[PDB]
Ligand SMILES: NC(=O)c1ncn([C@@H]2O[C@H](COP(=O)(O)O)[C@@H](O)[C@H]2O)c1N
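The chain that follows stands alone, in the form deposited without this ligand, written as structure tokens.
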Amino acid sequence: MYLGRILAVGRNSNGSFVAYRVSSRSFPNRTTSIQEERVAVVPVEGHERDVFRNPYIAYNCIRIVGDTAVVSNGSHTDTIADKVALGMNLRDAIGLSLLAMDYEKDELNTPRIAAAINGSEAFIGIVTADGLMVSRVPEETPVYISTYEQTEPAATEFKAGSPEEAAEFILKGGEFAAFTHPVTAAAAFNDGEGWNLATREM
């Protein structure tokens, strides 16, 4: 039931979205700082030195580039977002980034997961010690994936009509309530009039 970092992507009757959640046992001292077209996962007041021992705990988890929302559990959020801003299709932007960045070199070979959505398409991917998988997000249902256990996209009836609702849901809502060690979350939602960011602190 410990999935580590989790992300969800898809469309509802209310709009499209991207949701991210940090689950952790070793670094509970982190929060999500919202900014202009970007949400970063950063250390809490006083724990800013934690990044020099573990370089995987600080990074942008959500980037908004034009009509596209990008989400991931690491610095590859920028790598992917930059390629989209430069013109690369989603499938390749995620594929190229994950292939090059690869899994994280920690005690668990923590996979790098990501997803991206624009007005008409969405892809989700993961890179592990055993492979690279980037796949189209089904038009029928939203999906989620995590660094541990659920290392394959899985369907989800994501309920939300705003970024704050989306963040809350991946944090405590529905099936995610069961996944342990919640730390913090973030999300981007597009009601059809643009992307809006929001966060939630357990």
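Numbers follow the displayed sequence, beginning with 1.
What comes next is about the form solved in complex with this ligand, which does not appear here.
A.B. asks: Judged by heavy atoms and a 4.5 Å cut-off, are 150, 172 and 179 together in contact with this ligand in the entry with it bound?
C.D. replies: Heavy-atom distance to this ligand in the entry with it bound: none of the three under 4.5 Å.
A.B. asks: Looking at 137, 64, 134, 57, which is the one with a non-hydrogen atom within 4.5 Å of this ligand in the entry with it bound?
C.D. replies: That would be 57.
A.B. asks: Taking 4.5 angstroms as the heavy atom distance cut-off, pick the stretch from 126 to 134, 79 to 87, 92 to 100, 105 to 113 that is near this ligand in the entry with it bound.
C.D. replies: Only one stretch passes the 4.5 Å heavy-atom test: 105 to 113.
A.B. asks: Would residue 12 show up as a contact with this ligand in the entry with it bound if we use heavy atoms at 4.5 Å?
C.D. replies: Result no; residue 12 lies far from this ligand in the entry with it bound.
A.B. asks: May I ask you to check whether residue 5 falls inside a 4.5 Å heavy atom distance of this ligand in the entry with it bound?
C.D. replies: Because a heavy atom of residue 5 falls inside 4.5 Å of this ligand in the entry with it bound, the answer is yes.
A.B. asks: Evaluate residue 16 for contact with this ligand in the entry with it bound, applying a 4.5 angstroms cut-off between non-hydrogen atoms, and reply yes or no.
C.D. replies: Residue 16: no contact with this ligand in the entry with it bound.
A.B. asks: With a cut-off of 4.5 Å between heavy atoms, is residue 23 one of the residues that contacts this ligand in the entry with it bound?
C.D. replies: Taking the distances in the entry with it bound, the answer for residue 23 is yes, it comes within 4.5 Å of this ligand.
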